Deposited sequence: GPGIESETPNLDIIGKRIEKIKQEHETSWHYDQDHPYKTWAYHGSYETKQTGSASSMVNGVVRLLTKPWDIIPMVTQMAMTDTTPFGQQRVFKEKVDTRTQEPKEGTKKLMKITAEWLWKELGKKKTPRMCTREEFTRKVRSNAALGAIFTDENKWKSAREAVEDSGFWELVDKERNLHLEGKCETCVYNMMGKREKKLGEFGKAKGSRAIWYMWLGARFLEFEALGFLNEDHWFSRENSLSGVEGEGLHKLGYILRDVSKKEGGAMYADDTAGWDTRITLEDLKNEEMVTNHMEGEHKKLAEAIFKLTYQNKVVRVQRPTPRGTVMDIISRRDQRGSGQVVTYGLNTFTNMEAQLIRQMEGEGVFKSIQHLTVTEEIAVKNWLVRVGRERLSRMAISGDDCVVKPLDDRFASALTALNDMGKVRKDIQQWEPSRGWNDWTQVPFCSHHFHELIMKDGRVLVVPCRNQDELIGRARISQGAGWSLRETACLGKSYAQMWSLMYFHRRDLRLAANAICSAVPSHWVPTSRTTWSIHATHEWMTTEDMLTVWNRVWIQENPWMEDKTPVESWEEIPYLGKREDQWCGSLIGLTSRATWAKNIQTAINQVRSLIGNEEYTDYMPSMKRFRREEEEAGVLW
């Protein structure tokens, strides 16, 4: 308790010694409270005018227009201790899983060099603004690194002074850039060296672009077994137990020397003991602590969520298959049965899953899995929008399964080749492309963000009539040589390029498609297929509406409207690519 977190608390106390007051009307129940101090400050969602001017029919669709307008009661909940049988199942499975992930990988420290490069190419690290302005300025100043070094030698000493979270079904915990470095130096190898790639982890998808996920689900569907289960957890990050954090820390058993000590300190001092500062409107700053739940960098959060989700789903599979009888207690021969199951079929059972942090798809050996709920509920991983003990609804067709906010279509090209494409309701896609975040956007920067969305649509959603037309319109309206932009884990985004989108389509869906037999490149957009016209409406297309009718016929007008506002620039017409405009 206060021996590990006291120093951090002590230090913040003295920076606001004029204000420190143990408030009596504090709202926290499951968070330990410590004191309050005086502050006074808060980042709303702004409209992208280039995208909105070129999507006029959606100006009257509330599911689009409402997205641009406008639970911290769940972070203040408690998760009961799992039973002894459950704690033993998790320890055996975690020990086995780290071993498997480590067979072809070597834990290693990430470097100042590596960290610096990441700051200079814009990444969502979750730092704050204070002595230096941006991350860019702190990383070039030698002062920073002496603060980093002092903390670093404190961690080797088993102590912490400045690794403090700043709070803001979401909750992002910003830290200062120095604490973010020490986290990256010790644990960044999990992401930098792709420990959760599908090649390495068999269940994972790390590095897989949206164009691979449908093919991966179709491959899981080819396995013999029961329904495909895709159960969402209610507030995954809030249900991470201290038992989970101890199984995650076992990655340090694979480390040596300095690295081992630095990683042990990240887990013990900052993950298994947190200090947080929260804005209350009643405006004070509350200094609160707790031992459990997930509050780490976003990228480490993704890899450890993937790990613990892989562990939980193997255990739910063991329960369905009758490997153990009760979570109350594992007998000695049940332990050896669990171990022997892992050794004999663990890798096969990982390959029946697609896991992206808290998001999973599982094709179990049979449907006993649907009612195998005791371990899942006792680990705290309670399913969303179903009653605790109600059996899971499975999906009979891989093309209906939700994963990473998408579903996937099987689409046959006029030449017989098969595409498996990503899809979601088109209102969600259009509504998201019409939104910017942050201040000080020039017209050029707004246009280049519009162009990023357009190129994404050409590569991923070319099969949606409205998006291919709107993408061609935005690319026609933005100067041809202007570079697509975005402010700041992600798989590589191949739409982020000034390369000819048609040449990218050919390499992504044909040349470098490990699922595609024939490597013959496509020599015209008009060869590339759409979904069915009825399947497009189902997925939220405005095809058929008079609003969409004129918008299409008269798009050249909207394209030229935008061209005039950006100004005298080289513009290309990509609409003639459309069969409708193509004579």
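No C-alpha positions are given for the deposited-sequence stretches 1-9, 52-53, 82-91, 151-153, 193-207, 322-324, 531-533, 629-637.
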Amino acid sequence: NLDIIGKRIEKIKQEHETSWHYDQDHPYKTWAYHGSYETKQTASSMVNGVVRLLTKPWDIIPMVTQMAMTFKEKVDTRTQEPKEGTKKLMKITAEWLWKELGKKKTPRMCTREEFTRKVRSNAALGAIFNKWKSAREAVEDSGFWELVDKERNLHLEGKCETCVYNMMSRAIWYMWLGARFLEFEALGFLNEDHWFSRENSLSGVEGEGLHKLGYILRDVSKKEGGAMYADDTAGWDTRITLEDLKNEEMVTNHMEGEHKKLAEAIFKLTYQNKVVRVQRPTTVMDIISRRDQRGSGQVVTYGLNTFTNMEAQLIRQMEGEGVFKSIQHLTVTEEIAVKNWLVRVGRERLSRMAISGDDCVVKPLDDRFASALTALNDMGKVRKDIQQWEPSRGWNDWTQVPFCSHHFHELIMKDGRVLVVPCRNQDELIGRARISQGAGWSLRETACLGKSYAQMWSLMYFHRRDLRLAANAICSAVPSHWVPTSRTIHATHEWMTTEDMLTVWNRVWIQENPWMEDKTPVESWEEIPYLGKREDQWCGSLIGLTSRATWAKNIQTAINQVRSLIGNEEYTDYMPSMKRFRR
From here on, numbers count along this sequence of modelled residues.
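Definition used throughout: the rigid core is the maximal C-alpha set that superposes within 1.5 Å between two forms.
In 9 other deposited structures of this protein, superposed on the rigid core, the segment with the larger root-mean-square CA displacement between 570-578 and 10-18 is 570-578. Remark: when the other structures in 9 other deposited structures of this protein are fitted onto this one via the rigid core, 515-523 deviates more than the alternative among 515-523 and 26-34, judged by RMS CA distance. Missing-residue comparison: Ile128 falls in the unmodelled set for a third or more of the other PDB entries checked. Compared with the other entries of this protein, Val148 is consistently built, present in every one of those that build its neighbours rather than absent from a third. The deposited model assigns a higher average Cα B-factor to 331-339 than to the other stretch when 447-455 and 331-339 are compared.
Stretches 178-186 and 210-218 differ in mean C-alpha B factor, with the higher average recorded for 178-186.
You'll see in the entry that, of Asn48, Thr42, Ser524, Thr65, the Cα B factor peaks at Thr42.
Across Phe408, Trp395, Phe267, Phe129, the entry's maximum B-factor at the CA atom is seen for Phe129. Among the modelled residues of its chain, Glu570 has a C-alpha B-factor that falls in the middle third, as given in the PDB entry. In the PDB entry, a CA B factor belonging to the middle third of its chain's modelled residues is recorded for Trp551. In this PDB entry, the Cα temperature factor of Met69 sits in the middle third of its chain's modelled residues. Compared with the other modelled residues of the chain, the Cα B-factor recorded for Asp59 ranks in the lowest third. Among the modelled residues of its chain, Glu137 has a C-alpha B-factor that falls in the highest third according to the deposited record.
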